[PDB]
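Participant: Provided herewith is a single structure, encoded as structure tokens, for subsequent inquiry.
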Amino acid sequence: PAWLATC
Amino acid sequence: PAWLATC
Amino acid sequence: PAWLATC
Amino acid sequence: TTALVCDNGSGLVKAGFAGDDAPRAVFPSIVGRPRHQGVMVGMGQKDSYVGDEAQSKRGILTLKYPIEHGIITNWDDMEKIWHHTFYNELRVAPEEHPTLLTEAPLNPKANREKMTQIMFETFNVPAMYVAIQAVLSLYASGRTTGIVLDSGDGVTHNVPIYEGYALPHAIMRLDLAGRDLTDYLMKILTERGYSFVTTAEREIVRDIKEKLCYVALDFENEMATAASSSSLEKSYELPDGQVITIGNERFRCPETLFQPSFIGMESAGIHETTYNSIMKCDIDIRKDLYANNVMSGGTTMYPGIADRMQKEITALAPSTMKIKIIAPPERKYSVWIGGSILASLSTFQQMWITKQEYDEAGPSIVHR
Amino acid sequence: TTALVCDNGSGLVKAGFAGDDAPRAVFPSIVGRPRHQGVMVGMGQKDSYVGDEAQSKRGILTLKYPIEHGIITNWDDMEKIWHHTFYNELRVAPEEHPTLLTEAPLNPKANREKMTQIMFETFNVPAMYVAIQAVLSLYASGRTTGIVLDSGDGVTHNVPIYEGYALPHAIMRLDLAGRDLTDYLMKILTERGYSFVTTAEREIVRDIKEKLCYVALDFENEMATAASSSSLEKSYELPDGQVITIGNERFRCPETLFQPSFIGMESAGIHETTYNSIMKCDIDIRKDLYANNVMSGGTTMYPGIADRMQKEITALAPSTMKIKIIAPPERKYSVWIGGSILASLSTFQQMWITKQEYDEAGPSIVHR
Amino acid sequence: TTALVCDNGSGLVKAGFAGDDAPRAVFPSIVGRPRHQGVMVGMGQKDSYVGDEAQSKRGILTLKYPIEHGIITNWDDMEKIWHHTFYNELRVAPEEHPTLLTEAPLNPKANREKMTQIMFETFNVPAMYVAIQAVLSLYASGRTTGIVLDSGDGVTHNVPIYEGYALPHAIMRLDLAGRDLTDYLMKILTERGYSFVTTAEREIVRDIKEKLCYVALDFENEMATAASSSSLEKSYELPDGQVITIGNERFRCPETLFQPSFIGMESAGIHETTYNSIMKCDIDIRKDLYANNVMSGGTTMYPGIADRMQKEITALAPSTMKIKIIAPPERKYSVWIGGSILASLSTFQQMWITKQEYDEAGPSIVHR
Amino acid sequence: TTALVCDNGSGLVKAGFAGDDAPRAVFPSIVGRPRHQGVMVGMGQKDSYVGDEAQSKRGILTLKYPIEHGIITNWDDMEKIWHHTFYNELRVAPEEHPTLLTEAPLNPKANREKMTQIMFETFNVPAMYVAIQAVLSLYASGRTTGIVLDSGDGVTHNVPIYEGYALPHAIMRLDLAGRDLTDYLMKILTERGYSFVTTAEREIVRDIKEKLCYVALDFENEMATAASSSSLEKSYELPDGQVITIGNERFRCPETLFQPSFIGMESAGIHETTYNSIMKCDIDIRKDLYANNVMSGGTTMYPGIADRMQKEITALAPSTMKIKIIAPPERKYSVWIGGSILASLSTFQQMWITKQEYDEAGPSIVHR
Amino acid sequence: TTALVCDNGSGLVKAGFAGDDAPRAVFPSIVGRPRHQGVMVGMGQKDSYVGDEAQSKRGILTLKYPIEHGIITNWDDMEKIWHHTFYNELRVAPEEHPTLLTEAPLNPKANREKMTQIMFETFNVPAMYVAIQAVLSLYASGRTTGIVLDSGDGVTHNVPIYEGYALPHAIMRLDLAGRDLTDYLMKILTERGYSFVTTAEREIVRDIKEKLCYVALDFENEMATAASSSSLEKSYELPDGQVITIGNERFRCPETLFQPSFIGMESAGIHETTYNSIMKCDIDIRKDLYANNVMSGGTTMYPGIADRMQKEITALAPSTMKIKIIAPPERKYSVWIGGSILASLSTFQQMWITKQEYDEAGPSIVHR
Ligand SMILES: Nc1ncnc2c1ncn2[C@@H]1O[C@H](COP(=O)(O)OP(=O)(O)O)[C@@H](O)[C@H]1O
Ligand SMILES: Nc1ncnc2c1ncn2[C@@H]1O[C@H](COP(=O)(O)OP(=O)(O)O)[C@@H](O)[C@H]1O
Ligand SMILES: Nc1ncnc2c1ncn2[C@@H]1O[C@H](COP(=O)(O)OP(=O)(O)O)[C@@H](O)[C@H]1O
Ligand SMILES: Nc1ncnc2c1ncn2[C@@H]1O[C@H](COP(=O)(O)OP(=O)(O)O)[C@@H](O)[C@H]1O
Ligand SMILES: Nc1ncnc2c1ncn2[C@@H]1O[C@H](COP(=O)(O)OP(=O)(O)O)[C@@H](O)[C@H]1O
Ligand SMILES: [Mg+2]
Ligand SMILES: [Mg+2]
Ligand SMILES: [Mg+2]
Ligand SMILES: [Mg+2]
Ligand SMILES: [Mg+2]
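Below, the structure is given as structure tokens:
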């Protein structure tokens, strides 16, 4: 979340 | 509503 | 780490 | 001219001038849009509110943070926040002051690149610099050796520094911070019948956390005490006059820092993270790191956090070594204080990135 | 030219010119038809009467209200009343005055569509607007935050507004108003032996209600006092000179606003409806709403209504909340006063519906 | 002996015996009380009515739901409902059968405790268990992996399950279900000229919803179509013989599930909630969750709901993901069917909470 | 009977029968245990998973390697892994076959002693033997002279051998292998925007490494080419359908083998280590060692590894020396193939440690 | 003025003034340079450290010895060592004092030539001399006859001397000294599970050797005793507080001096080397050499070294020969003590190489 891939 | 505080 | 003293 | 220090945290903006002992402007990093439709024509109603004004009007707004986990996700909102802090809060012309910004370690490169691009192109700042928050936390403490545990609203990280040399291979980072604790507190308050679902009620829950939560020295002993007596229960008054009582939720919320499994993460607690960071370092500097465990950031403000961390590390580390945790009273503003100190040193006045340098070497200059 | 503002309530027409301090024409909205055979050629008898003249000749007329519960049920009569309002009361030419009309919330859309169709295609007004009565009532109070309790002759409704933003999901409507109280008073007056059955006698009963009724602070104690004494009895003189005396009916009639079960409705009272409307809103704005209970409409003119509402709301709402009920002496004309204010604002002049765009888009424009 | 399965939802009570294929008794969770004065002494007036008795006598009764948003708010009425279920509907001795109950996730703790206490001390059941409804839906669907979107009368929730392991950190819940849609339809129908204000009329509106409402695949195009043609209109006959025509209100009502802003909630639609719940799970889990979207509960019975959900999820999720939605024709009773399957399993017989355990541990046992 | 050959390295377990061409069982050395709460009864939920089963269910499991840097750290997990290998993969009776194990050079003695004890007592094997992996690599290569460079998942070591005689004083060991490269890649992907923190996500990064990484023949020119163009970028699809693009990180990961300072290690690269090992040998031997550099293990499977090693060694070694690096297409299984060859030789049958010898002389027999 | 005596050993630098009983400056011959990036501007980030300051900060430094096997390999660092010695430890002006240096026998000529050139051209010392270390040790012993056995950190050599006449044809030299023993101890500590790799950890292993190692009188008996009882085990605490246990490694490491095959050397032990050197001399000299077997250097400080040497030489030498191993208590500084004695003699004042002689004859004058 709020990254680009994971999270 | 129907809860205890909010709603 | 996995060792006993260092690393 | 005096430089500008702007600690763009993920939960609060802390801005000021280099040399001052505390930031002039401190307001939540919030942007709110009206969600209902206006009916009155004679008002000066505007389409967006920022900072404190958004908190005051939160009832009719959808609040949303532009920064999450130290990464900027909305750049228009972030530009609005920066415009607010420069003009309405500090009341300065950015083109007259060099600006010192901050970031967490292990962040995406594009984040710094776009931050520099906005600072130079939009605000026409003469020069700027982007520092690492944990490093500034050490300046704030005056020492030059220690392992800094910085825990803000979005990101927690460790940075071991020895004699002014950083050990980047030992830097650790968790995406578990005050935001996740607020969400978990929202989740567990339902067990008592209180329901907070809106974004404006997330702020109420954040206030409840800030005012009533604390860290237990021994989690199971407190759990037993809570079930045995109401001595731990406290009451909080909501904005509409309702009074809500919370018991073991007071210390279950911050316990998530030491047991991230409470929120589904398999990461290690902050104590294990700092111990592992120390053990990533050379055997000859561990004794100094153990004795200079520095804390900074808002989420390190829970009562009993220092004692719990000391007990945990003392359990993890071998005996015959003095575990000592430095928890200054000004932990909340330590990063900004350090940035203020750094921006004033005469030795630093050659580390600024000048507009002349930037507009010829490209945005990649910021990674120097 | 000046803009006309007239709110066609279920019971009264209040018309005038925007900018004035009070409506110029105020007459009941009734149309009377003769119900007997004419036996004099030289009387120059008229086929129908409207407004004050109908009220004067009520003896030989059958009186009909074209508006019921804020819904126009007879359009020929409503058009007749509008024609009266324009060409006999105000004595204007509608083609050169833009007219501002009002209606209750949660009304049928066809009502507004046909209203605007008549306004444009029959009277050929240059432009017109239709406003919600509660918003105008709040305008007249000179504030932008508050929950308005409008109670006219046909409809009682609550409309929460916070900083100019309406919360339409919290709007409450209740089809219980002055006319229902008049009918109930007609019913209970039979217990004393007075029989009012004709439409003409309903006007006498309405006058009795307006001049003798009040709201009991505590219903049970007042009932006991009336039973145990004659101190509360008053007397009234009918047009024919006969005298009647009214006992506990003085406060039993308006008590229906707080106990609608007296007339068979299972809806909640106005106090409980207001409380429910407030609790439909966001938690953060309830504190401001509690302190800005604005009253308007004819049926809010019963003595002691404000105190009774304050007592009931304080009983319902939690402690620590400042509950203040604003009841201006000019409550009866709050909607018209607000409409006068709104129509005179310069910023409002962009919100008219000109006949050109009405022709371009048709009556469906009014809902935009 | 044979075990009892009772699905005490907010709208209906579905009770029966474990091992049967369908619930034996299905009646509304209603308790009615007379609101007028009896004038015929000889008749059996009766002080209160339950279930279908109240529904058939709704003309003279005021109907009240003891459950609201999955939380029991009136315990006397709920005891009355359970007594009806056990004795008049199933005609069993509750002390001779163990009972399996259900409740929504993230409910207040006291709800289970009071439920268990009433079941053990009032009905004297030998043993009982309280399950999560979304889990029983998978048993009914006969699979071990999937994300269940259960939406009944009071509460909508998502629960991801993988290989029989629940991810409680990813469980979502909305307080927006069939009852809110019924209220919105009541409000929306006013604009067409129909007024439904009493509790007995809420049931007529609920019947209209069940009969005529559907989910539009493309909301804006559907709105455009209905405004240009009457092909979408349907007619409904009220109990007294009046016929009402309903137009675009047919699909504007269930659209609230995807745009909760219609009723003033700022939460996300059910599609967004499901997608967010999926994104809360580990990256290796998401492939299987996308392919096993299981729907259950009454409000998932709108025609076109499955297609709309698939379209929205496909829009949100990345391409190359095989998004599939399972919508059994018996979605309404999936929770009860799963409870029946579970209660009959031999491996489950160790999980019953016998009254001995309740006596020696109290209500707290139910949270283990 | 035929003998077993089990090359239980840090990353993978390769097991089979002596004399067979390739290993029969090849599964990761992983033990996973559930990290979530189970909610569905029975359905074959095991308390732990091993090998390929753990990989399939890695979404709900926390994965742990029992071997780190060639040293067994959890003997319960290692007993579990061996039980799996013998009974579920090979499906053989351990007591019917003598087993050949392998170990890295310069390992703790207690490791080998405990391994022997477990093999003789827990599995009741008739006879066993422990071999140095680099020696078996030469058997697989089919030559008796050469310097082996074995790089697995945990350790990288060099073992010079000349005419069948080892040179223990010239053996070099380097605790830097595939796992460290995986961790570095995990760290390095964050600067591009992707976060991989869980144990299961660490398996995705390993797959990205095994598929997209390669060794650059000239690091600086490769970095310049990557910076000035996108021709080097590749895309990889995650299990949830998200697509990531990886650029110069493709060759920066394996570059750590030649510049251990990238991960904070002070050691020298593999080329420097091999050259130093060769220089530790006698002057008359070095010519034959330069021409027989045998590479082995999985970590030597990067494209361009052989060319880079040859270039670096030629740079370090004097001219007129024929530097030649032998890289068979099946380096991954070279250790197992050599073990297969060794166990089949007739001259080796006297080297087995029979259980009689073990129990009559204690574990120390394994050091002979 | 008084002369300077500087014993530039491979491991330690011992400097002082002629005539003093003990050297004034004794610090390790080590030069460290940072191996991480400095992040704090205010810190005094010196680019290199020498001697004691390098030991203190060894956690962040990479340590390099400029002298290996008595040969200077890095002149730019040897210059730093000498600059430190003169200007920070002794704190004298080198041009005001003649300097006496030391070298091992059979060293390269270029070593001495470069040493003289650096002394005369950079420090511009007035006059200097280079002496063989064994002769100085004999001077310190206060005798004119004997066979010296000097073993330091880099070299072990024998020098027979009879009545002041050196027998250069009998000189012996082994490139096996304290550093090789430290490396071997690092190697064998791996057997117990301790891993020391970095140059900084080599200093920890050197300290372990200096504190816990001793020479066994009979190696095999000591090994048997160690393998049967724990009485020979000791504990040592590392800088980070973790404690290691060392057993038979205590006497296996020094045993390499008598069995160089332990480290792969074909050479003979020190006892055999000294016996061969004695046998190289004339038959009439051997009787005195047997009785004047002097020992000097740090590596001869192991307890039990003298007894083992005497036992071995008695085993080698014929009976009826009296063998003495003269081991003063100050062997560490015998070379420097002798240099101080020699430098202060009046007869030696003609042996200095003056600056004018160097200028006129060139660097070759030093071989006089
Ligand atoms: N007294 C307090 N006790 C506990 N938590 C606090 C307290 N004050 C602030 N916090 C938490 O710290 C967070 C902000 O910390 P800070 O580091 O100052 O901002 P940022 O995270 O933006 O850098 C908030 O989200 C809040 O939840
Ligand atoms: N002094 C009064 N006391 C009580 N009720 C009054 C009084 N004056 C008027 N009313 C009631 O108010 C009603 C008219 O209310 P108003 O809002 O002025 O017009 P409308 O309701 O048509 O918009 C009348 O039907 C009458 O019964
Ligand atoms: N065929 C249908 N179409 C649309 N809505 C329906 C249909 N049947 C039931 N519903 C709605 O579903 C609700 C009941 O769902 P259900 O899950 O069975 O009740 P609960 O779970 O609350 O016991 C009712 O309130 C009704 O409005
Ligand atoms: N095709 C490949 N390219 C690059 N690296 C690989 C490849 N295949 C395997 N590896 C690496 O090799 C390691 C395993 O090496 P191997 O020697 O076969 O097993 P072990 O380390 O157990 O002996 C894995 O951790 C993996 O990172
Ligand atoms: N007490 C001791 N016991 C054993 N070895 C020692 C002791 N003290 C010093 N040493 C060894 O002696 C070496 C240095 O000896 P010395 O001759 O004084 O210096 P150099 O070798 O430079 O001339 C060191 O490497 C150290 O390992
Ligand atoms: Mg911060
Ligand atoms: Mg009115
Ligand atoms: Mg249900
Ligand atoms: Mg291997
Ligand atoms: Mg020496």
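Chains as they are written, first to last, in the working numbering: chain G, 665 to 671; chain D, 665 to 671; chain W, 665 to 671; chain A, 194 to 561; chain P, 194 to 561; chain H, 194 to 561; chain E, 194 to 561; chain C, 194 to 561. Even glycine gets a Cβ: it sits at the ideal position worked out from N, Cα and C.
By the criterion of Cβ-Cβ separation under 7 Å, what are the contact partners of residue 613/E in chain A?
Facilitator: With chain E covering only 194 through 561, there is no way to say anything about residue 613/E.
Participant: Rounded to the nearest angstrom, what separates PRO556/C and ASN267/C at their Cα positions?
Facilitator: Position 363 of the eighth sequence, counted from the first residue, corresponds to residue 556/C. Position 74 of the eighth sequence, counted from the first residue, corresponds to residue 267/C. Each residue's alpha carbon lies about 20 Å from the other.
Participant: For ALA196/H, report the span of its alpha helix (DSSP H) as first-last.
Facilitator: For the purposes of this step, residue 196/H is taken as residue 3 along the sixth sequence, with counting starting at 1. Here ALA196/H belongs to no alpha helix (DSSP H), and DSSP marks it neither H nor E.
Participant: Give the residues of chain P in contact with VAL559/H, contact being defined as C-beta atoms less than 9 Å apart.
Facilitator: In the sixth sequence, the residue the question calls residue 559/H occupies position 366. Within 9 Å Cβ-Cβ: nothing; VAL559/H doesn't reach chain P, min ~31 Å.
Participant: Does any C-beta atom of chain E lie closer than 8 Å to the C-beta of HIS362/A?
Facilitator: For the purposes of this step, residue 362/A is taken as residue 169 along the fourth sequence, with counting starting at 1. It does: the Cβ of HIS362/A has a partner Cβ on chain E nearer than 8 Å.
Participant: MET416/P lies in the alpha helix (DSSP H); which residues open and close that run?
Facilitator: Working through the fifth sequence from its first residue, we reach residue 416/P at position 223. First-last of the alpha helix (DSSP H) with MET416/P: 412-421.
Participant: If you run the structure through DSSP and keep just helix, strand and coil, what is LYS515/P?
Facilitator: As a first step, residue 515/P is located in the fifth sequence; it is residue number 322 there, counting from the start. In the structure shown, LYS515/P sits in coil (DSSP, three-state: anything other than H, G, I, E or B).
Participant: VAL234/E versus chain H: which residues are under 8 Å apart at the beta carbon?
Facilitator: Locating residue 234/E in the seventh sequence gives position 41, where the first residue counts as 1. Residues of chain H passing the Cβ test: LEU535, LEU538, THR540, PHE541, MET544.
Participant: Using a beta-carbon distance below 8 Å, is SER460/P in contact with chain H?
Facilitator: Walking along the fifth sequence from the start, residue 460/P turns up at place 267. With 8 Å as the cut-off, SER460/P counts as an interface residue toward chain H.
Participant: Grouping DSSP H, G and I as helix and E and B as strand, with all else coil, what is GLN452/P?
Facilitator: As a position in the fifth sequence, residue 452/P is number 259, starting the count at 1. Coil at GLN452/P, not helix or strand.
Participant: Output, in chain order, the set of chain D residues within a Cβ distance shorter than 8 Å of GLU261/H.
Facilitator: The count along the sixth sequence starts at 1 and reaches residue 261/H at position 68. Near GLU261/H (Cβ distances below 8 Å), the residues of chain D are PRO665, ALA666.
Participant: Looking at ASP343/E and ligand 9, is the gap between the Cβ and the nearest heavy atom below 7 Å?
Facilitator: In the seventh sequence, residue 343/E corresponds to position 150, counting from 1. Yes; taking the cut-off as 7 Å, the Cβ of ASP343/E has a heavy atom of ligand 9 nearer than that.
Participant: Cα separation between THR337/A and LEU331/A?
Facilitator: Sequence index remark: in the fourth sequence, residue 337/A carries index 144 (1-based). Sequence index remark: in the fourth sequence, residue 331/A carries index 138 (1-based). Each residue's Cα considered, the two are about 6 Å apart.
Participant: Does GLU553/A have its Cβ less than 8 Å from a Cβ in chain C?
Facilitator: Within the fourth sequence, numbered from 1, the residue matching residue 553/A stands at position 360. So, not an interface residue.
Participant: Report yes if the C-beta distance between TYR495/H and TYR377/H is below 8 Å; otherwise report no.
Facilitator: Looking up residue 495/H in the sixth sequence gives position 302. Looking up residue 377/H in the sixth sequence gives position 184. Contact flag unset, no.
Participant: Once you ignore the five residues that flank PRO432/A on each side, which residues in its own chain have a CB closer than 8 Å to its CB?
Facilitator: In the fourth sequence, counting from the first residue as 1, residue 432/A sits at position 239. So the list reads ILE397, once near-sequence residues are dropped.
Participant: So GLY225/H is in the beta strand (DSSP E); what residue range does that whole segment cover?
Facilitator: For the purposes of this step, residue 225/H is identified with residue 32 of the sixth sequence, where counting begins at 1. From DSSP, the beta strand (DSSP E) with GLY225/H extends over 224-227.
Participant: Check whether the Cβ of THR391/A lies closer than 8 Å to any Cβ atom in chain P.
Facilitator: Along the fourth sequence, one-based indexing puts residue 391/A at 198. Chain P, which has a Cβ nearer than 8 Å to the Cβ of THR391/A, makes this yes.
Participant: Note down, in chain order, each residue of its chain lying with its Cβ closer than 8 Å to the Cβ of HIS229/A, except the 5 sequence neighbours on either side.
Facilitator: As a working mapping, residue 229/A is identified with position 36 in the fourth sequence. Here the set comprises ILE253.
Participant: Classify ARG284/H as buried or exposed, calling it buried when 16 or more other Cβ atoms lie within 10 Å of its own Cβ.
Facilitator: Taking the sixth sequence and counting its residues from 1, one reaches residue 284/H at position 91. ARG284/H should be labelled exposed.
Participant: Using the beta-carbon of each residue, which ones in chain H are nearer than 9 Å to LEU256/E?
Facilitator: Taking the seventh sequence and counting its residues from 1, one reaches residue 256/E at position 63. None at all; the shortest Cβ gap to chain H is about 11 Å.
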